[PDB]
Every structure is written in structure tokens, then in C-alpha cells.
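Enquirer: Experimental coordinates follow, after the sequence.
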Amino acid sequence: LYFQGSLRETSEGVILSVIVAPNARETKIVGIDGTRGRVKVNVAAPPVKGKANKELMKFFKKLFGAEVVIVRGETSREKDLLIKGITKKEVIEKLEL
Ligand SMILES: [Cl-]
């Protein structure tokens, strides 16, 4: 039930709600924010020229084996990611690895 506060399933896939910090030592999940309902994700890329966005999408596409797009928050730390064609059960399994 830990990651469930950060995601919801629509007809298209799963919307995963994240809050990023760029310039990190490693791209990885570091926690969850209970009030905001977001996964805290550190991103090992600078927030310039879209590079942290690119790294975030690359990281989750690899984890989920599915296309990941930023549907909201391109220029924000709070971003909603659509993981296309995946189920909530599948996303929870992968986040719990
Ligand atoms: Cl960026």
C-alpha cells in the first residue's frame, strides 16, 4: 500500500505522480510524499535543455517496459507521468522491486 498514494489507472494506462530533484548522484526512487501523493525521484541530470525530463522518462521506461510520457509538469518539480498500456498492479510490482 506504500506506492498506491502516487498512482491511478485510466483507460490509457497508469498516471504516476512524482516529485523530482535534479542534479542527484543517482537516478532512483528515494521515498514518497504522503501529503502530496507523489513518489520522490532523484534524477542524475541537470534541469537544463530538458535533460532531467529525458533522464526521468528513460529511467521509468526501463523499469516498466512501457512508453512513459510527461503529461503534466514539464517545467515543474511535480510531474504526472503516463505509463502507457500498463496496469496499476504491474506498476506496483515494479516499484516494489
Ligand atoms: Cl529538464
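Expert: Received, thanks. Residues are numbered from 1 along each chain as shown.
Enquirer: quick one, longest helix in the protein?
Expert: Secondary structure of the chain per DSSP state H: the longest helix is helix 51-64.
Enquirer: Can you list the helices and strands that it packs against?
Expert: When contacts are defined as 3 or more CB pairs under 8 Å, 6 or more residues apart in numbering; DSSP states H and E, helix 51-64 packs onto strand 13-21, strand 68-72, strand 78-84, helix 88-96. All C-beta atoms are positioned from the backbone trio N, CA, C, and that covers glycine.
Enquirer: Present these as CSV; the columns should include mean neighbour count and distance to the ion.
Expert: As requested, the helices and strands packed on helix 51-64 are exported to CSV (neighbours: other CB atoms under 10 Å; distance: least, CB to the ion, whole Å):
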stretch, mean neighbour count, distance to the ion
strand 13-21, 21, 9
strand 68-72, 16, 10
strand 78-84, 20, 10
helix 88-96, 15, 22
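Enquirer: Same list (these) but as a markdown table, adding distance to residue 45.
Expert: What follows is those, written out as a markdown table (distance: least, CB to CB, whole Å):
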| stretch | distance to residue 45 |
| --- | --- |
| strand 13-21 | 10 |
| strand 68-72 | 14 |
| strand 78-84 | 14 |
| helix 88-96 | 21 |
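Enquirer: For the ion, give me its nearest residue in the protein.
Expert: The ion sits closest to residue 52 of the chain, with a gap of 3.6 Å, by CB to the ion.
Enquirer: can I assume that residue is in contact with residue 43?
Expert: Yes. Counting by CB atoms under 8 Å, residue 52 touches residue 43, with 4.7 Å between them.
Enquirer: residues touching residue 38, list them.
Expert: Residue 38 makes contact with 6, 17-19, 32, 78, according to CB atoms under 8 Å, 6 or more residues apart in numbering.
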